[PDB]
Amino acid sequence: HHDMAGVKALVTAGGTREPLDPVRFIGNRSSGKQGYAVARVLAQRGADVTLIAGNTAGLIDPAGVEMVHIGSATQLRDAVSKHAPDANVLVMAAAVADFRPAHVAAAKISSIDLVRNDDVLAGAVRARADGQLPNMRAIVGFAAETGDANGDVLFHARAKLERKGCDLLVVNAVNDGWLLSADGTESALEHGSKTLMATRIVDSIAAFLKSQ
């Protein structure tokens, strides 16, 4: 019940907000609950946990977890970069905005022109492959996927795993979901409480660290 002792774990959770001006922004409907649950379970099993949190459903800080609060995707990126060097597990559970307004208004206010934000998960994946994160043992991504006219849900999920290159892709089929490993393993994630699904996610992380 304490296998993650000595693990430094960095978790992102919640959705980011891309400011239009001091008051208005682009946001999403993500609750952050599953990222917090992974943070709580990680800490419960002995990890030294840092939680980078964007916008959440009123969530209370998990006890024993270092909280770092952020607003935008770019602030998330800098937060991930700042806390990256000593971490052994990166759990990218945040819904990071792909786009942000190019211009932020100085005062209270046409169209909003967009510019792309950095892909932090892929930045972490690339940094580790070029030797800049030797302590990083597990990079975990999240995806909310669905079947559509261009493929079924699981096709899209596999393609996302292949494209991101992370060690584990936790897939939420928008009732059951999936855990896709980079060695090809696929486990169904049965629908239950946020805590029990977090246990299955952390169990998979612990299983990956031992194989390596």
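So that there is no doubt, residue numbering starts at 1 and follows the sequence shown. Basically, rigid core = biggest C-alpha set you can superpose within 1.5 Å across the two forms.
Novice: Between 154-162 and 50-58, pick out the one whose C-alpha positions differ more from the shown form in 7 other deposited structures of this protein, using the rigid core for superposition.
Specialist: Output: 50-58, the stretch lying farther off on average in 7 other deposited structures of this protein.
Novice: How about residue 144: is it missing in a third or more of the other compared entries?
Specialist: Across the compared entries, residue 144 is modelled every time.
Novice: I'd like to know whether residue 174, which is modelled here, goes unmodelled in a third or more of the other compared entries that cover its flanking residues.
Specialist: Per the records, residue 174 goes unmodelled in at least a third of the other entries.
Novice: Using none, 1 to 3, 4 to 9 or 10 or more, say how many deposited residues go missing between residue 174 and residue 175.
Specialist: 10 or more residues are missing.
Novice: If you count the residues of the deposited sequence that sit between residue 109 and residue 110 but have no coordinates, do you get none, 1 to 3, 4 to 9, or 10 or more?
Specialist: Some 4 to 9 residues are missing between them.
Novice: Look over 160-168 and 182-190 in the entry and identify the one with the greater average Cα temperature factor.
Specialist: Here the higher of the two C-alpha B-factor means belongs to 182-190.
Novice: Which wins on mean Cα temperature factor, 43-51 or 150-158?
Specialist: Per the PDB record, 43-51.
Novice: Among 114, 127, 73, 121, where is the Cα temperature factor highest, going by the PDB entry?
Specialist: If I rank 114, 127, 73, 121 by C-alpha B-factor, first place goes to 114.
Novice: Using the B-factor values recorded in the entry, state whether the Cα atom of residue 64 falls in the lowest, middle or highest third among the modelled residues of its chain.
Specialist: Residue 64: CA B-factor falls in the middle third of its chain.
Novice: Which third, lowest, middle or highest, does the C-alpha temperature factor of residue 21 belong to within its own chain?
Specialist: As the PDB entry reports it, the C-alpha B-factor of residue 21 lands in the highest third of its chain.
Novice: Split the chain's modelled residues into thirds by Cα B-factor; is residue 83 in the lowest, middle or highest one?
Specialist: Tercile = middle for this residue's CA B-factor.
Novice: Tell me, lowest, middle or highest third: where does the Cα B factor of residue 77 rank within its chain?
Specialist: Lowest third of the chain for residue 77's C-alpha B-factor.
Novice: Could you tell me which third, lowest, middle or highest, the C-alpha B-factor of residue 10 occupies within its chain?
Specialist: Ranked within chain, residue 10 CA B lands in the lowest tercile.
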